[PDB]
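Next up, structure tokens for two forms of one chain, structure 1 and then structure 2.
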Structure 1
């Protein structure tokens, strides 16, 4: 299926499972296995989700060869700093049961330690322990600041992105510095869900005989954004993957784009750094 190319030529599958909010053990292992069974080849996790064991279990259970799957995980705020970050990588690696990790990200920028943390990601990349390195919830100013002090520039930035918060500024900033955007959103585990409940998505979903969530995912795909919808439900997990047998029209894309309100719904990167030390 579709892949997005990072600035080091590694190809990152465009659709993945978010396991954010999945309880460890069975819940995750099932979610991951079900995803892989359905065809997903990309799992997105994070130390702080406390479910790296379960992810590893799901992957081993699926029976799919390691190199055919992409695994992303992330260094938590409290493990920022060169040596601390290096150590959190190993704790994550051991917990996933993996010899290498495909992508490792800084989970939140913070203020004082992210340049230092990035130096550790560069090391892991030189040591061939990760295939790609990037950041999450970084804003252009963070990225501009990081650019002053790095040898390898970030390859991914995973941020809140959905039809009411379309991140146009950052998208252009990332187009211009060769960075792939990954979209997360406060959906899948059943939050307020205003994002999905509007006439534009409704009628596009109805026209194609799909759900509004399937539409948003497809909209992500056709904008070349990487998308990691989270769910622990076997059916929803399957539904989120059934997005390859239809195309949104150029007009349908402008219509969804028109929904932009720059309405952030999750936490603000400039003022959010729980666990910071």
Structure 2
């Protein structure tokens, strides 16, 4: 039904963007999922489990697999939110319009829900943003935003834009809690999506943290479920990645418990401002 396009009767919550679009608060990330079957299966399994939001990017090389999983699921496309991103090499007005068309074609879609500037770089994000504004005017995209932007990048963009970014997708997990950027984005009504919400694997050690383990035990949930619920209760969109059917299902089962104020505080206090992923200041491979 059309109401499913607006995520009205469903188990998951949404965050509302400044243009009144409702964005599902939990999605499936697909970075490092191989194109073809691995991605298609992950996406299909996520949709079967109840997910209605997939996060991909041109540079993940698996937009084909994402669209294949959506089609294989049989769920009407209007009920699913798809995010993708313009890569560094495609920044600049005309290159961004072209990159969008390529992504839309690979995905097999008539429109994309959210299109993001993937990394700021230094010199082309303003012109890139103008292309996103054009795509939005043309109704090719339902929402437009950025990723890995710091307050200084956003302030610079604000001086030139007609439509302010609706989303900023940034690294955010219990060791790197982005307090300053979150304050800035709250002030200016820019929704935050957390990438590497689980720390991007075992190296970072988040899922073995003792505090998370104790909270998990109290709720008979897993540490991953606790982290995802912490994201939810902070009003953050979260896009945990798994290619494993069981873990995909586990990460969705977060709507039937609540963390207390004290549990939320305990997780907040894990912050070390320890960045696990790439730094917006110097990560811009592939610029042209």
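Positions refer to the first chain, counted from 1. Each form is matched to the other, and the largest set of C-alpha atoms that superpose within 1.5 Å is called the rigid core.
J.: Select from 203, 145, 126, 191 the only position whose Cα moves 2 Å or more between structures 1 and 2 when the core is aligned.
T.: After core superposition, the single residue displaced by 2 Å or more is 191.
J.: After superposing on the rigid core, how much does the Cα of residue 271 shift between structures 1 and 2, in Å?
T.: With the cores aligned, its C-alpha sits 1.1 Å away.
J.: After superposing on the rigid core, what is the C-alpha displacement of residue 102 between structures 1 and 2, in Å?
T.: That residue's C-alpha sits 0.2 Å away in the other form.
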